[PDB]
Amino acid sequence: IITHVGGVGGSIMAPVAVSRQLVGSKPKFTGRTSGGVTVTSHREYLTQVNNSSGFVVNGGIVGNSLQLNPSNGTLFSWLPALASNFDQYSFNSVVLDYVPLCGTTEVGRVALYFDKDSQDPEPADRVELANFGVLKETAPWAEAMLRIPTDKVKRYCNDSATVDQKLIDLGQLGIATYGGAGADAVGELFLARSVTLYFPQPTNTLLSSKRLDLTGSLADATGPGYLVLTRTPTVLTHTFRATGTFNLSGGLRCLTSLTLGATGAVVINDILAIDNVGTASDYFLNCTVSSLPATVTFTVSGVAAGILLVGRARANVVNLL
Amino acid sequence: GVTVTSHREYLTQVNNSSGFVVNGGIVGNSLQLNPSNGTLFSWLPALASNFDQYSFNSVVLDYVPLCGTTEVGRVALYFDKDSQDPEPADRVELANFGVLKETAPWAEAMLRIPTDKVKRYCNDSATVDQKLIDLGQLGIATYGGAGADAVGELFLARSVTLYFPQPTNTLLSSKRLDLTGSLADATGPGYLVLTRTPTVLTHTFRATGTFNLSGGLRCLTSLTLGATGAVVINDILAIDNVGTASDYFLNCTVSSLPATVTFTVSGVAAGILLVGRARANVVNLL
Amino acid sequence: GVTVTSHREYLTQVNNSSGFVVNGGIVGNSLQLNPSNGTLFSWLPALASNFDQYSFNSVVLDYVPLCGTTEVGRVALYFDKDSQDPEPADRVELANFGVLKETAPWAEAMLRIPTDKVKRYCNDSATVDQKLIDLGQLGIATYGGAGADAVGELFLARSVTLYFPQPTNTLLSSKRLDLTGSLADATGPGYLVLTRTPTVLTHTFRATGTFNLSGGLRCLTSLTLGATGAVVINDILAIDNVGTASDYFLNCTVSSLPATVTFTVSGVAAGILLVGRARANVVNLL
Amino acid sequence: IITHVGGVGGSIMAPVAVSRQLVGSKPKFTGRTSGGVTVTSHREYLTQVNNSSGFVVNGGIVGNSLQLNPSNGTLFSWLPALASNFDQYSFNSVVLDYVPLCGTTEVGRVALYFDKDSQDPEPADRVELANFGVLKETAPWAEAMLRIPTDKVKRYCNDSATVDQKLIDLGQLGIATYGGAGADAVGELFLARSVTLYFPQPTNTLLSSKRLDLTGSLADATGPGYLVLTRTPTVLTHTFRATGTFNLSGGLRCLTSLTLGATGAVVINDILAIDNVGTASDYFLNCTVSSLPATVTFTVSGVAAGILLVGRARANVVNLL
Ligand SMILES: [Ca+2]
Ligand SMILES: [Ca+2]
Ligand SMILES: [Ca+2]
Ligand SMILES: [Ca+2]
Ligand SMILES: [Ca+2]
Ligand SMILES: [Ca+2]
Ligand SMILES: [Ca+2]
């Protein structure tokens, strides 16, 4: 069949393009009849690796997100709400898969790694990425793999909250691109799953609570974490980590009518915007992200207390009549 | 790619008290047995800084003695499993520890340490429950002396299993003082704290050996180089510009606590330095 | 009381040159396998620095791909048992070597390195017969390309046996320029050469990554910070005093050859610096 | 596996690129226990075929170099110094190998041939190259071969010298490129070796001696031949055929201080340059070629006698102190 030319048995072919074909990953639960507790193995997708001539990591996004715990609503788009009737998690297999949309003529580097410290900070440069134990180094166009070192320790989910994210999380996951020529798309990576659900509980809420200090930095958290809400002395920051349709509820301290800006992949849905000028205010809004960078920001003055809540929601109303 | 280390690192020179002193008659569980402890392990420092899980197999306290059969005191090495509990108050407390030893100063002593094989994490990301990650605490305690002179120099018998490797940590230290402030960033380890007082700096050692110092600061006012305690100055270079800020490189070599140094200056309105252990290495023009 | 090590370290980025080139067309058997070679081994940097003998078990060269199926060239990895013989002049010398591999640039390539079990010494005291101490030489060679762009990223398949425990071995580099002169001391390793020209400095990289730079010099004349090639400046701080000498701390991050930097100044009458690999770490006031 | 598209069994694939992978050729000697004389079979590389829109042959280089005798220091970079303890040569296999650095989109012709007359002159054009008995005709990007007709005649090496280069040499070797678009590189050719060493002698020196007549053309030779040293009425020519680090020794008749020029791949090493103006002069120099065209020339006047010697050498000194 195939006739390929200029080839004598034992020779190399670098083709114009390559592609694998990906299908319906329909999960299987297994009954580990135990404490009458469950086990799940399904395939959840994870992000579209775009290029970075320069040197970027999960989107140039920072605050080890990525985090291998399930939920990571940030990471795992389906497991979201099962390990949600449960309290202890434990994997058996997790494998990074890297397919490629681009073609044998893009010019760059992608790279998947694994840090056992859910908390150490991120890759600085070339020489650092490469020193990791569990790493892989691929041109972008060519097809790649990574399998992850799983213990069987009895590890806890984030339902109550826990600052030592390391003693509870399994690992960190990296994806890193340098040496590109443009920050376009070349890769879409997947997630090979297998998890052991344990002491199943009243089901935890997935709702987000995020306080800015009055002049300050940061008050409480509950998370998960889709959002960070910073202030700058005038003006807020609502910096997305998550994608989809959300629902936003809250307001803040200002005095000064709200001007609703945002930036990147964004589909505003319902912006409602009470103020009282002199005092504080409220915002409900409903938006829908499908990118990074998605940003939004409220524009205001004298941002002297920041409060919000975020808890994923449909094309759902959020405005008066 | 899992490395095993069994070495013998030096640790501190114990001075007496009449009174009742611990790990320097200093405080905040200094000695924590984790490697790094830049404070405790002067050698293991930048090996396990390429790794993420640590686990010992042997650790033994060794106590030799420089003094003579006529000093009058107590040395005492112990072991708290809670990297975090606070320190020895008095006589009756020190003695109640499981893994303790009670020796005169002149006489020669030992202690071996109870090691589990739990998969414990090193301090690259930070972790307030220093107990769930640290192996143990280490004590050394002296009461009943007659003078706070030196009688003992203690060592560290090592055996460690390094695991998942990625990125040496930072054998190199970065330490920012706010302009008027307190404290900017850190990278550490931490050998040094660099405080200011409104005039004048503080470089307060936690570490021992030959270092290398690089930096300068905001002042206006020529640098007068003082320091205090065990200290062997090596190279002090000292650019200023009076009116503005300045720079200091220097190379010194500590073998004590208390080692202090301080720069003397005025209007200390920004503090920056870096410290990353170094030899008898130059640090001055020609 | 000995160590063993098996990890994987990155090495340099193979660019292209239709000409015929060898390690960047730098010369003086740089790639030598010995560990340290700070130029070659970015990670083991600091284990074989606590040791005195070394011995490899595996060494494998790994060649992945930055370019694309239409890049147009030749790459080539080899191995000389004489840490000292000179480099490849042309195509025909390279091809005659025992341990060679010859690949497109675009396609992914391999090489295994031949290991003895001889008790070989590391470079702490110095040794002009670099051959009887070093295991082999490493080549990477590119000819017949069409542009001097990047095609390859080369790695290091490692497995090393450390023996008798040392007392550290500086990993902060010390590099003195004579007043009018050429060259004062060294400590090295060597990532950098610091030359002067009558006006102006040269900081010529041999190494890749995040460094930390500390020092200043003799001039009189405010500092203008240039550099050339793969370079990501991080923190440039720059005291001067005009009339006199000056200081520079800076933090940069190279991933190429050619990386250059140079300070621009006048009356370069003494050159001093130190360099000791460092993170994204601060190096400036506040 | 491979899925290649638009193909029904029996169809043709002309790929984006092809490459073979070449390794360490580590020679074997065989003991033909004879007159206690030796046999060698190893793989020596030979040149990088660059393109020639126009019509070029071993570099547009002329004076059948190329010559199949071993040594040919010009041709065989290793066999250089064994058939050097010997006096009779005889092959059994010699095969031209043509791999390719370029890609399936360069646009040209390469071509390997074989003339039984070590001495006939070179290919003029298209119609001439093709008429040879032992020739091969390849696009450049595609992968090629040629095997060579070996007799077993008892043929002599060039240790004493011999003007009928034909009665001693096995063959001529050609490589020819026409129809390009640029004189860049597409090919690197190799040499499949197998030689029978005979009456082994005191080992001959490899040193070159090259006399220009006073007004003339040409005095003696010893060779091998790496160099030709011509004059033009003013000025010399040192025209390389060889690559590497050499050592040059000599001077000449002029009167007129030496200006050292040269052209192409060249790394000058040590130029020393006595003159006496009025009279003659001397030059030692040490240079290092890795190309064709390498040229050098000395610039001078009244070039009334040319003498030199050349005998391959290291980064070795060649100047006073
Ligand atoms: Ca829980
Ligand atoms: Ca880590
Ligand atoms: Ca860590
Ligand atoms: Ca050699
Ligand atoms: Ca040594
Ligand atoms: Ca030693
Ligand atoms: Ca003969």
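In terms of determination method and resolution, the entry is listed under X-ray crystallography at 2.90 Å.

Student: How would you explain the pattern of salt bridges if you had to name every residue and give the values?
Tutor: Per the counting criterion, the structure on display carries 25 salt bridges over all chains. For the salt bridge of A:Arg109 with C:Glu153, the shortest nitrogen-to-oxygen distance reads 3.4 Å. Residue A:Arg109 is located in the loop between β7 (91-99) and β8 (110-113), and its partner C:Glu153 is located in strand β10 (residues 150-162); the two belong to separate chains. On the basis of relative accessibility, which here comes to 0%, the residue A:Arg109 falls in the buried class. Residue C:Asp116 is joined to C:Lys81 by a salt bridge in which the shortest nitrogen-to-oxygen separation is 3.3 Å. With C:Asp116 in the loop between β7 (109-112) and β8 (120-121) and C:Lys81 in the loop between β5 (75-78) and α1 (91-94), this pair connects stretches of sequence that are 35 residues apart.

Student: An account of the sheet that holds strand β9 (residues 136-138) of chain A is requested, with residue identities and associated values reported.
Tutor: All names here are of chain A. Within the open sheet, the 4 strands sit side by side as β5-β12-β8-β9. Their pairing is antiparallel. Edge positions in the open sheet fall to β5 (55-57) and β9, since each of these has one partner strand only. Each adjacent strand pair in this sheet contributes to an overall mean axis angle of 20°, direction not counted.

Student: Kindly report on the sheet that holds strand β13 (residues 174-178) of chain D, identifying the contributing residues and their values.
Tutor: Residues and elements named next belong to chain D. The antiparallel open sheet is built from 4 strands, whose spatial order is β6-β13-β9-β10. Sheet topology places β6 (55-57) and β10 (136-138) at the edges, where each strand pairs with a single neighbour. Across this sheet, the average inter-strand angle for adjacent strands is 20°, counted without regard to direction. Judged from the 2 bridges that link them, strand β9 (residues 110-113) and β13 form a sheet pairing that is antiparallel.

Student: Explain the nonpolar core to me, and be specific about the residues and the numbers.
Tutor: Formed by 74 residues in total, the largest nonpolar core has its most connected members in B:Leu33, B:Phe56, C:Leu11, C:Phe56 and C:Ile140. Aside from chain neighbours lying at most four places away, what touches B:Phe56 is B:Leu33, B:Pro35, B:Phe41, B:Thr115, B:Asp116, B:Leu135, B:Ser159 and B:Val160. Counting 35 residues, the second-largest nonpolar core is a separate cluster that includes A:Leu66, A:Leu75, A:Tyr89 and A:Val186.

Student: Break down unusual backbone geometry for me, citing the residues and quoting the values.
Tutor: A cis geometry characterises the amide bond from B:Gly188 onward to B:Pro189, with omega recorded as 10°. Along the chain, the position of B:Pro189 falls in the loop between β10 (173-177) and β11 (192-197). The phi dihedral of A:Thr256 falls on the positive side, at around 150°, and the residue is not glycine. Here A:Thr256 shows up in the loop between β18 (248-253) and β19 (259-264). Classification of A:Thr256 as partly exposed rests on a relative accessible area of 26%. At D:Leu66, a position not held by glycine, the phi torsion is positive, near 45°. As for its position among the elements, D:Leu66 is in the loop between β6 and β7 (88-89). On the accessibility criterion, D:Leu66 (8% relative accessible area) is buried.

Student: Run through the coordination of the calcium ion (ligand 3), naming residues and quoting values.
Tutor: Protein coordination at the calcium ion (ligand 3) comes from A:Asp117 (OD), A:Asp120 (OD), A:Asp120 (OD), B:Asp52 (OD) and B:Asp124 (OD), with a distance range of 2.0 to 3.0 Å. Separating the calcium ion (ligand 3) from the calcium ion (ligand 2) is a gap of 4.2 Å. Take A:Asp117: its relative accessible area is 0%, and that puts it in the buried class. Overall, the relative accessible area of 5% leaves A:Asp120 in the buried class.

Student: Explain the interface of chain C and chain B residue by residue, including any values.
Tutor: If you look at the interface, chain C gives 51 residues, while chain B gives 54 residues. Both faces combined, the contact of chain C with chain B buries some 3,900 Å², and carbon together with sulfur accounts for 64% of it. Of all residues in chain C, the largest losses of buried area upon contact with chain B belong to C:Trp43, C:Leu285 and C:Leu286, amounting jointly to 19% of the total for that side. Run the count over chain C and chain B and you get 0 salt bridges. Counting the contacts that link chain C with chain B gives 16 residue pairs in polar contact.

About the criteria used
Residues numbered from 1 in each chain as written, not as in the entry; some residues may be left out. Chains lettered and ligands numbered in written order. Part of a larger assembly, values for the part shown. Heavy atoms only, no water. Salt bridge = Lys/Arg side-chain N within 4 Å of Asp/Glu carboxyl O. Helix = DSSP H or I, 4+ residues; strand = E, 2+ residues; numbered from the N terminus. Buried < 20%, exposed > 50% of the residue type's maximum accessible area, 1.4 Å probe, protein only. Pairing = 2+ DSSP bridges. Axes fitted to C-alpha atoms, helices over the stretch in contact; angles between N-to-C directions. Core = buried A, V, L, I, M, F, W, Y, C linked by side-chain atoms within 4.5 Å. Contact = heavy atoms within 4.5 Å. Donors = N, O, S within 2.8 Å, 3.2 Å for Na, K, Ca; no water. Buried area = accessible area lost by both parts, 1.4 Å probe. Polar contact = N/O pair within 3.5 Å; in protein donor to acceptor, adjacent residues only side chain to side chain.

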